[PDB]
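Only one chain comes next, encoded as structure tokens, the form deposited in one PDB entry.
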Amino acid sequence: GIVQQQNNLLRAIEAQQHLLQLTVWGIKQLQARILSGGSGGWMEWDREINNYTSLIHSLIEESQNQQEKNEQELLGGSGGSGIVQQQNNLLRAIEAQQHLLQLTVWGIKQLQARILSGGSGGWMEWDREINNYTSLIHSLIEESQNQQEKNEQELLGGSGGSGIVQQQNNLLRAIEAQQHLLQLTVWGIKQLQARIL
């Protein structure tokens, strides 16, 4: 069932969302030690972490509802549009999560620049890895946006069931890629915490 899958996709996004808050908590601690206020980018980061967390909370919340609704209709077997809506949802949630990764990455980049050499202890690989995964996810998001649009029209006429299945794959791979991204931001914070705390 694509519906059950989408539930796992939702659920995964939630876990990633907690994981993410853990890193913001992480970066906030370091930021306090290394830094003399919201000067030079930081109050905006602070404010934008929030403006995105809140948008994502609200997105998980809309997804959880589309989910229950999809589940209630598994025996009515007409609900192509609900599944496609759920896909739209998950896409929107993935991107916002991305914005959030991007802020944390920036956070760490700022902090590392002040206290470590970016050519030492695994930081060159880290940059490249970060940078690749970023470009990879951007590509998967782009492709997902492209796939959504298409599905949404395939759904008018006869079946476009392959494109739903395809899209599931799209979303699935963007989440694995954010998950790497996450691992890399955990690594970075772990290095900074080691050095300065």
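Counting begins at 1, following the sequence as shown. C-alpha atoms forming the largest set that superposes within 1.5 Å between two forms make up the rigid core.
Compared with other PDB entries of the same protein, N89 is present in all of those that resolve the residues around it, none of them, let alone a third, dropping it. Missing-residue comparison: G40 falls in the unmodelled set for none of the other PDB entries checked, so it is not missing from a third of them. When the C-alpha B-factors of 38-46 and 129-137 are averaged, 38-46 comes out higher. For the pair 155-163 and 23-31, the mean B factor over Cα atoms is greater in 155-163. Looking at the C-alpha B-factors along this chain, the one for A113 belongs to the middle third.
Placement of the Cα temperature factor of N169 within the chain: lowest third of the modelled residues, per the deposited record. For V105, the recorded CA temperature factor ranks within the lowest third of the chain's modelled residues. Ranked against the other modelled residues of its chain, the C-alpha B-factor of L74 as given in the entry falls in the highest third. Sorting the modelled residues of the chain by their CA temperature factor places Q98 in the lowest third.
Heads up, the form deposited in another entry isn't pictured, but that's what we're talking about next.
When the two forms are superposed on their rigid core between this form and the one not shown, the C-alpha shift of 2 Å or more among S159, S139, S58, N131 belongs solely to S159. Annotation: Cα of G80 displaced by at least 2 Å between this form and the one not shown, core superposition. Relative to the displayed conformation, the Cα-Cα distance from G77 to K150 grows by 3 Å or more in the other form.
Annotation: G158/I141 CA-CA distance shorter in the other form than in the displayed model, change of at least 3 Å.
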